[PDB]
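Cβ sites come from the backbone with ideal geometry, for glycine too, and all protein chains shown count toward neighbours. Only the coordinates and a few stated rules stand behind these numbers; no lab work does.
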Amino acid sequence: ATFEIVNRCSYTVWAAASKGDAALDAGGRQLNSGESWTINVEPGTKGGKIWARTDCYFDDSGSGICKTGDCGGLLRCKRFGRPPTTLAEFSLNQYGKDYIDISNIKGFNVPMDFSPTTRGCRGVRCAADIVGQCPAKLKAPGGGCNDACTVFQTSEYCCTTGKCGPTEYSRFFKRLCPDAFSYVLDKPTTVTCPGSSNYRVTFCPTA
């Protein structure tokens, strides 16, 4: 499957792509404002994620740091990134269908649209200014808007036992972005696409 990753932000981002225990394609790349990077994700990839990283520094070996979404200091991510990270999430060729969604469960750093480039389903978007509107207690000094689980580490926010409800903090993400997961047990906003669809992830789709 092809994923065209497009940075429409006015700032550089370092895109990342991983399934948690391995990189997807090269795993990461710099995207200056307006740049597009097309990756190939193996069919059957379960639990894949794409995200943006901001304010990165990398040396000639591809080692360094990002203020948001750092994945063990690598340019080419092999693991998931440090929150806050808005997440494009997908499981491909799962009993003949693909499943896509956007999640704020690990916080928000950059607005995103995640849409198919092929027929048969709609895209999902979380493009509101969650960083600007972020509640004081969730603001990440390093940048972005943390989820409540990252900040407070409680069973209720982290949904440890599978017995959590919405919270004042999850409702904030849900109000700004109704089409993204706001907490682990949120009413799903997962879209079913035909198996083997192709996609585009656009950072800053509106500005």
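Any idea which of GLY69, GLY28, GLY48 is in contact (Cβ under 8 Å) with a residue 12 or more places away in the chain, within 23 Å of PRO141 (Cα to Cα) and either of a type in the set (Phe, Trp, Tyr) or buried (at least 19 other Cβ atoms within 10 Å of the Cβ) (or both)? Step by step, each of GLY69, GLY28, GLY48 is checked, and only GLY69 is in contact (Cβ under 8 Å) with a residue 12 or more places away in the chain, within 23 Å of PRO141 (Cα to Cα) and either of a type in the set (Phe, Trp, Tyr) or buried (at least 19 other Cβ atoms within 10 Å of the Cβ) (or both).
Which residue out of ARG171, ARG200, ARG175 is basic (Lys, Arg) and surrounded by 14 or more Cβ atoms within 10 Å (Cβ to Cβ)? None of the others qualify; the one that does is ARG200.
For the stretch 72-89, the candidate set comprises residues that are in a strand (DSSP E or B) and out of contact with any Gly (no Cβ under 8 Å at 6 or more places or on another chain); within that set, the residue that is farthest from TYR169 (Cα to Cα) is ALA88.
Of the residues making up the stretch 124-147, those that are closer than 17 Å to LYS174 by Cα, in a loop (DSSP other than H, G, I, E, B) and touching a residue at least 40 places away in the same chain (Cβ under 8 Å) are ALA127, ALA128, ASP129, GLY144, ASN146, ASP147. Counting only residues that are among the polar types (S, T, N, Q) and within 15 Å of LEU74 (Cα to Cα), which one in the stretch 1-40 is nearest to the chain's Cα centre (by Cα)? Restricting to residues being among the polar types (S, T, N, Q) and within 15 Å of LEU74 (Cα to Cα), the top hit is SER18. With the condition kept exactly as written, say whether any residue in the stretch 160-167 is outside any loop (DSSP other than H, G, I, E, B), surrounded by 14 or more Cβ atoms within 10 Å (Cβ to Cβ) and in contact (Cβ under 8 Å) with a residue 12 or more places away in the chain. Looking for residues that are outside any loop (DSSP other than H, G, I, E, B), surrounded by 14 or more Cβ atoms within 10 Å (Cβ to Cβ) and in contact (Cβ under 8 Å) with a residue 12 or more places away in the chain, one finds none in the stretch 160-167, hence no.
Of all the criteria given as (1) part of a strand (DSSP E or B); (2) within 13 Å of the chain's Cα centre (by Cα), the one not satisfied by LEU92 is (2).
Are any residues in the stretch 148-159 more than 25 Å from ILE100 (Cβ to Cβ) and either touching a residue at least 60 places away in the same chain (Cβ under 8 Å) or not in a helix (DSSP H, G or I) (or both), and if so, which ones? Passing the criteria: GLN153, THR154.
Taking the criterion of being outside any loop (DSSP other than H, G, I, E, B) and either of a type in the set (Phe, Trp, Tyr) or free of Cβ contacts under 8 Å to residues at least 40 places away in the same chain (or both), the residues of the stretch 175-188 that qualify are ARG175, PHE181. Is it true that some residue in the stretch 107-120 is more than 17 Å from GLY195 (Cα to Cα), of a type in the set (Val, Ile, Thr) and either buried (at least 24 other Cβ atoms within 10 Å of the Cβ) or touching a residue at least 60 places away in the same chain (Cβ under 8 Å) (or both)? Among the residues of the stretch 107-120, at least one is more than 17 Å from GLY195 (Cα to Cα), of a type in the set (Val, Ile, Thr) and either buried (at least 24 other Cβ atoms within 10 Å of the Cβ) or touching a residue at least 60 places away in the same chain (Cβ under 8 Å) (or both), which makes the answer yes. Using the structure shown, decide if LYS49 is closer than 25 Å to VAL151 by Cβ and part of a strand (DSSP E or B). When the stated conditions are applied, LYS49 passes them.
Scanning the stretch 144-155 for any residue that is out of contact with any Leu (no Cβ under 7 Å at 6 or more places or on another chain), more than 17 Å from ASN7 (Cβ to Cβ), of a type in the set (D, E, K, R) and surrounded by fewer than 20 Cβ atoms within 10 Å (Cβ to Cβ) turns up nothing. The numbered conditions (1) part of a loop (DSSP other than H, G, I, E, B); (2) in contact (Cβ under 8 Å) with a residue 24 or more places away in the chain; (3) surrounded by fewer than 19 Cβ atoms within 10 Å (Cβ to Cβ); (4) over 17 Å from the mean Cα position of the chain (by Cα) are all true for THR192 except (1).
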